[PDB]
Amino acid sequence: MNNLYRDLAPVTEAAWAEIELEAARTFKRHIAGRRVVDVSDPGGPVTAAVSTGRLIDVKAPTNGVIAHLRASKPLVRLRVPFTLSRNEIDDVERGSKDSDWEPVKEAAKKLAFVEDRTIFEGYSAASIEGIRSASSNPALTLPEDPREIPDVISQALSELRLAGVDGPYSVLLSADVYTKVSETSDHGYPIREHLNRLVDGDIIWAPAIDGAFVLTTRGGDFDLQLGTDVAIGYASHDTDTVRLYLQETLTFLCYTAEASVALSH
Amino acid sequence: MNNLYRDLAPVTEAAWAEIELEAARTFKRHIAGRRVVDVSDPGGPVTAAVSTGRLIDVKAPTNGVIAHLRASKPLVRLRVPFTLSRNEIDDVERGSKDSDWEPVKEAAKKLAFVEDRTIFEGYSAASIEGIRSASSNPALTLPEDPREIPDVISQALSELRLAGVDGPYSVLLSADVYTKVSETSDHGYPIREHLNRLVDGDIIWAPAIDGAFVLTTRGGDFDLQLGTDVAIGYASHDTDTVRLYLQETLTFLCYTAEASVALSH
Amino acid sequence: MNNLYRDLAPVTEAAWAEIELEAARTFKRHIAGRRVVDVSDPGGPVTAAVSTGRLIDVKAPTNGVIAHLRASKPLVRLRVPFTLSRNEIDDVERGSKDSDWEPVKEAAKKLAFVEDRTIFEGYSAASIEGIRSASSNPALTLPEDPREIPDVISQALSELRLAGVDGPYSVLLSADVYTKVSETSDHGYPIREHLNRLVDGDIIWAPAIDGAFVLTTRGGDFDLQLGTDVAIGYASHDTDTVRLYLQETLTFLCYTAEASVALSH
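If you check the PDB entry, chain A appears there as Type 1 encapsulin shell protein from Mycobacterium tuberculosis. This deposition appears in the PDB under the title "Cryo-EM structure of the encapsulin shell from Mycobacterium tuberculosis".

Following this line, the structure appears as structure tokens:
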């Protein structure tokens, strides 16, 4: 019996399949960082830190001895608990196809948002500097007029060219910026079909981020280290509800400070 | 994991066998309708209604269109919860053969009584008209003298003959009437051995019904549609007790209004 | 002999083939909902209701019993009668290729219109809430200027994105709106070639609907349950005319309230 204790949950195998389907769908839908960073195989429940290869100076234990600590980054475990109604769980076996999986969707969306805020915007208590703060290229400003956004994206591509970084390049846009370039048009084409012609990679919807990011997807610059991937576990239950959670263990490392350009408002 | 959640119940496999034995025995003992009606195979947890073949007039959605709804009868799920002592459940594995399965017996008896009241006497909220109300033959009256009951049963058999219905005929007697014909005698034989000689079918003990019924068991007149048959499920438990329930999904349909005669007091 | 009684109709096999060809062509031409909803296999003439998996509270038949009705949606049978001239039926065997099948076309068009009004706009006597009323996304308004319609369709696509729903997306346009975007142009292209570039699914002509619909065609959101598909039956005939009808039995269910956006004027 794993530490998730799913066998103790008053949930049927049909309801489990529906919950796992909904969570996987929502997480894959709302996650943007995994499309552009390198994602490693999960290390297991035992892995607790990632080796940086660096040495930290420490006071010698005795004279004539030289001492260093090995430098590492800790993995952070993120848990999002949600509550399900047992009536909706019972309905699944009776053939219901409209069960309320809305809390599962909220939990998967919140987990995806936490992972993408962590990669792009950082999480300092976990010692994760984000792609924005680690970026060495100058930061550009997005204008209010959506028809001007293709100019600044070409400016960011020029900053990436000057840094000696080659493509393919992808653009990650905030939900607000993605809506503005999608609902605004010039020459009979959305301002976001203009962006699709500037780059050889994708234009990514990133509802978690601020502003925008232009970065290369050549590989070897951004590293998402997974301890365990997203899993559903069982917490508690009463007559009416079941208490579950979503969970993942990970840390993020970035090696190239000039592989990305960050944009803001 | 089924929606019964029997794996979460603090009940051993020996105690489960004893409980299932007791419930099956009591239900088979106290059920009378299944001996005379046609009982179908269970349709499963998904089946929710039985097609009648009829059409209901509905207002047309537009001019030059004719509309009908299909007519159907809903299946009703009946649940009888009961409570067991965990000490008696523990005693079974230690070799005890006198465990208190009295609540299981009460629950099985109540479920059997609900099923037989539903078939014979109806359940109007479920849209089940009983065999008594759907009967088109005239209703006869049982007398107080038990030695006169064989005369009225022969009168009912004559009413079934006049209706053009052929046997084999069975008589279902109320618990009171079954006790009166069993504990009263003429010519050195119980008044109920007299009834056994009037009919080519059985005399049925029916502790749920009022009065008596005389009906044919030729087939194709009374139909018990089973969604799921009697199953034991697990609700809850604490340190002292386990909370279980008996459950079944079904509806009843009758096609011949002259296949039965109902008797009362 | 089926209940359609086509063997009693004074119609030849050549005329039958021509009538069946014309009806199939017109129905496939004027039907839009079947292009975007899931259409099941016909259940047969016996199927009368579709199980929802839900339970309805009903008053207990006796104390210590818990009762629920199974919840289901009835199938509605729609019949459109039409009249054919027997002279035109006779002409077919003599080699005529211009027989008046106009009533067959009117009947097929009316049946298709009833099916699409039912899916999108509902039919409350059949207990069918339409895609418009079941939609949980906000409703958008179509402007009078046809050159502005691509902006509102991109707004609806943004509402579907915010709901967490992924494509492929299709747009269904009213006959009026489809004519307006087809007969109006900007940059040398119809305003409807602009719409074809916004979406990865189709732009559907829907002559039955009001306004427009933007919805996902990923599957598992809209369900058209067929009892019997469109069939031609024989009603009556005299010296001059034959009386036929078109017929189908179905109901519609929708499971995702955020899978569609409805537009109006």
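Some remarks on the nonpolar core
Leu-172 of chain A together with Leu-172 of chain B are the most contacted members of the largest nonpolar core, which totals 102 residues. The greatest single-element share of this core, amounting to 8 residues, is contributed by helix α3 (residues 102-121) of chain B. With residues up to four places along the chain from it excluded, the contact list for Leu-172 of chain B reads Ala-32, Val-36, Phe-120, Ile-204, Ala-206, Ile-209, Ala-212, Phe-213 and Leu-215 of chain B. By size, the runner-up hydrophobic cluster in this structure holds 53 residues, among which are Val-65 of chain B together with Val-92, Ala-126 and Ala-262 of chain C.

Concerning the packing of aromatic side chains
Here the structure, examined in full by the defined rule, presents 3 aromatic pairs over all chains. Ring geometry for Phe-120 of chain C against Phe-213 of chain C: centres 4.9 Å apart, planes inclined by 40 degrees, an arrangement best described as tilted. One end of the pair, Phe-120 of chain C, is in helix α3 (residues 102-121); the other, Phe-213 of chain C, is in strand β10 (residues 212-216), with 93 residues separating them in the sequence. Just as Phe-120 of chain C is buried, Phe-213 of chain C falls in that class too. Here the guanidinium or amino end of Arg-197 of chain A rests over the ring plane of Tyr-189 of chain A, the centre of that ring lying 4.8 Å away. Directly above the aromatic system of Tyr-245 of chain C lies the positively charged group of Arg-79 of chain C, at a separation of 3.7 Å from the ring centroid.

Describing the interface of chain C and chain B
Listed as interface residues are 36 residues of chain C and, on the opposing side, 36 residues of chain B. The tally of links between chain C and chain B comes to 0 salt bridges. Taken together, chain C and chain B are joined by 16 residue pairs in polar contact. Looking at the side of chain C that touches chain B, the elements with two or more residues in it are β2 (49-57), β3 (66-74), β4 (76-85) and α3 of chain C. Of the residues in the side of chain C that touches chain B, the class split is 23 nonpolar, 8 polar and 5 charged. Relative to β3 of chain C, strand β4 (residues 76-85) of chain B runs antiparallel, the two sharing 4 bridges. Residue pairing across strands places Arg-79 of chain B opposite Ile-66 of chain C, the latter belonging to β3 of chain C.

Focus: the relation of the copies chain A and chain C
For the match of chain A to chain C, the screw axis carries a shift of 0.0 Å, the RMSD comes to 0.0 Å, and the turn is 72 degrees. Both copies are brought into coincidence by an operation consistent with a five-fold rotation axis. Measuring from the rotation axis to each C-alpha of chain A, the shortest distance belongs to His-187 of chain A, at 6.2 Å. Little of the interface of chain A is mirrored in chain C: 5% of its interface residues are interface residues there too.

So, the sheet that holds strand β2 (residues 49-57) of chain B
Within a beta sheet, neighbouring strands are joined by backbone hydrogen bonds and run either parallel or antiparallel to one another. Judged by pairing direction, the sheet is mixed, and its 6 strands sit side by side in the order β2(B)-β3(B)-β4(C)-β12(C)-β11(C)-β1(C) without closing on themselves. If you trace the sheet from one side to the other, it starts and ends with β2 of chain B together with β1 (38-39) of chain C, each paired once. In terms of strand pairing, β4 of chain C meets strand β12 (residues 241-254) of chain C through 10 bridges, oriented antiparallel. In the sheet register, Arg-79 of chain C faces β12 of chain C, and the bridge partner there is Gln-247 of chain C. Contacting β4, β11 (222-237) and β12 of chain C, helix α1 (residues 13-30) of chain C crosses the sheet at an angle of about 145 degrees to β11 of chain C.

Some thoughts on the sheet that holds strand β11 (residues 222-237) of chain A
Residue and element names in this part refer to chain A. The sheet built from 4 strands is open, its strands ordered β1-β11-β12-β4 with mixed pairing. In the strand order of this sheet, the two ends are held by β1 (38-39) and β4 (76-85), each with one partner. Here β1 pairs with β11 via 2 bridges, running parallel. Of the residues in β11, the one forming a bridge with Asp-38 is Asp-223. Of the strands in this sheet, β4, β11 and β12 (241-254) touch helix α1 (residues 13-30), which is tilted by about 145 degrees from β11. Here helix α3 (residues 102-121) sits on the sheet and contacts β4, β11 and β12; the angle it forms with β4, its principal contact strand, is near 165 degrees.

Here we look at the relation of the copies chain C and chain B
It takes a turn of 180 degrees to lay chain C on chain B, together with a shift of 0.0 Å along the axis; the resulting RMSD is 0.0 Å. In short, the pair behaves as if placed about a two-fold rotation axis. By C-alpha distance to the rotation axis, the residue of chain C lying nearest is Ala-49 of chain C, at 3.4 Å. Comparing interface residues between copies, 100% of those in chain C also lie at the interface in chain B; the contact surface is shared.

Examining the packing of helix α1 (residues 13-30) of chain B against α3 of chain B
Residues and elements named next belong to chain B. Relative orientation of the contacting elements α1 and α3 amounts to 35 degrees, with a least axis distance of 8 Å. Here the hand of the crossing between α1 and α3 comes out right-handed. Contact residues: α1 offers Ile-19, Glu-22, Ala-23, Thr-26, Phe-27 and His-30, while α3 offers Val-104, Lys-105, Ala-108, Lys-109, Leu-111, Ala-112, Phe-113, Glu-115 and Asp-116. A per-class count over the contact of α1 with α3 returns 8 nonpolar, 2 polar and 5 charged.

Details of the packing of helix α5 (residues 149-162) of chain A against helix α7 (residues 191-198) of chain A
Residues and elements named next belong to chain A. Interhelical geometry of α5 versus α7 gives an angle of 20 degrees and a closest axis separation of 9 Å. Taken together, the axis directions place α5 and α7 in an arrangement best described as roughly parallel. Here the hand of the crossing between α5 and α7 comes out right-handed. Across the interface between the two elements, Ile-149, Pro-150, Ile-153, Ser-154 and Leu-157 of α5 pack against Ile-191, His-194, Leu-195 and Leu-198 of α7.

Comments concerning the interface of chain A and chain C
The partner chain C presents 22 residues to the 21 residues of chain A that form the contact. Buried area between chain A and chain C, summed over both chains or domains, comes out near 1800 Å², and the portion from carbon and sulfur atoms is 45%. The largest share of the area that chain A buries against chain C comes from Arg-29, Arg-94 and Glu-183 of chain A, three residues that together contribute 33% of it. Counting across the interface, chain A meets chain C through 4 salt bridges.

Focus on unusual backbone geometry
Here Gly-167 of chain A and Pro-168 of chain A are connected by a cis peptide whose omega angle stands at 5 degrees. Among the secondary structure elements, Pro-168 of chain A is positioned in the loop between α5 and β6 (169-174). Of note in this structure, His-187 of chain B is not a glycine but carries a positive phi near 50 degrees. Along the polypeptide, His-187 of chain B turns up in the loop between β7 (185-186) and β8 (189-190).

Thoughts on the layout of surface pockets
As a volume, the largest pocket reaches approximately 1100 Å³. Contributions of two or more residues to the lining of the largest pocket are made by α1, α6 (175-182), β7 (185-186), β8 (189-190), α7 and β9 (203-206) of chain A together with α5 (149-162) and α7 (191-198) of chain C. Per-element accounting of the lining of the largest pocket gives the leading share, 5 residues, to α5 of chain C. Tallied by class, residues from the lining of the largest pocket come to 12 nonpolar, 11 polar and 16 charged.

Overview of the side chain of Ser-170 of chain C
All names here are of chain C. Position of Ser-170 among the secondary structure elements: in strand β6 (residues 169-174). Within polar-contact distance, the side chain of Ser-170 engages the backbone nitrogen of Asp-202 at 3.2 Å. When near neighbours in sequence (up to four residues on either side) are disregarded, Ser-170 contacts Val-36, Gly-201, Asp-202, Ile-204, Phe-213, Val-214, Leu-215 and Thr-217.

Some points on the environment of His-194 of chain C
Along the chain, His-194 of chain C falls in helix α7. In this structure the C-alpha to C-alpha distance between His-194 of chain C and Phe-27 of chain C, which are 167 residues apart in sequence, comes to 28 Å. Leaving out residues up to four positions away in the same chain, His-194 of chain C has contacts with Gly-188 of chain A together with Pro-150, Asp-186, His-187 and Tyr-189 of chain C. Within the local environment of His-194 of chain C, its side chain forms a polar contact with the backbone oxygen of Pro-190 of chain C, the two atoms lying 3.2 Å apart.

Rules used in this analysis
Residues numbered from 1 in each chain as written, not as in the entry; some residues may be left out. Chains lettered and ligands numbered in written order. Part of a larger assembly, values for the part shown. Heavy atoms only, no water. Core = buried A, V, L, I, M, F, W, Y, C linked by side-chain atoms within 4.5 Å. Buried < 20%, exposed > 50% of the residue type's maximum accessible area, 1.4 Å probe, protein only. Helix = DSSP H or I, 4+ residues; strand = E, 2+ residues; numbered from the N terminus. Contact = heavy atoms within 4.5 Å. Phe/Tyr/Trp six-rings, centres within 6.5 Å; stacked < 30°, edge-to-face > 60°. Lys NZ or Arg CZ within 6 Å of the ring centre and 35° of its normal. Salt bridge = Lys/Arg side-chain N within 4 Å of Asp/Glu carboxyl O. Polar contact = N/O pair within 3.5 Å; in protein donor to acceptor, adjacent residues only side chain to side chain. Nonpolar A, V, L, I, M, F, W, Y, C, P; charged D, E, K, R; others polar. Pairing = 2+ DSSP bridges. Least-squares fit on C-alpha atoms. Axes fitted to C-alpha atoms, helices over the stretch in contact; angles between N-to-C directions. Left-handed = near helix turned anticlockwise from the far one by under 90°. Parallel < 35°, antiparallel > 145°, perpendicular 65-115°, else oblique. Buried area = accessible area lost by both parts, 1.4 Å probe. 1 Å grid on protein atoms, 1.4 Å probe; cavity = no way out; pocket = protein on both sides within 12 Å on 5 of 7 lines; lining within 4 Å. Points joined across faces, edges and corners; volume = space filled by probe spheres on them.

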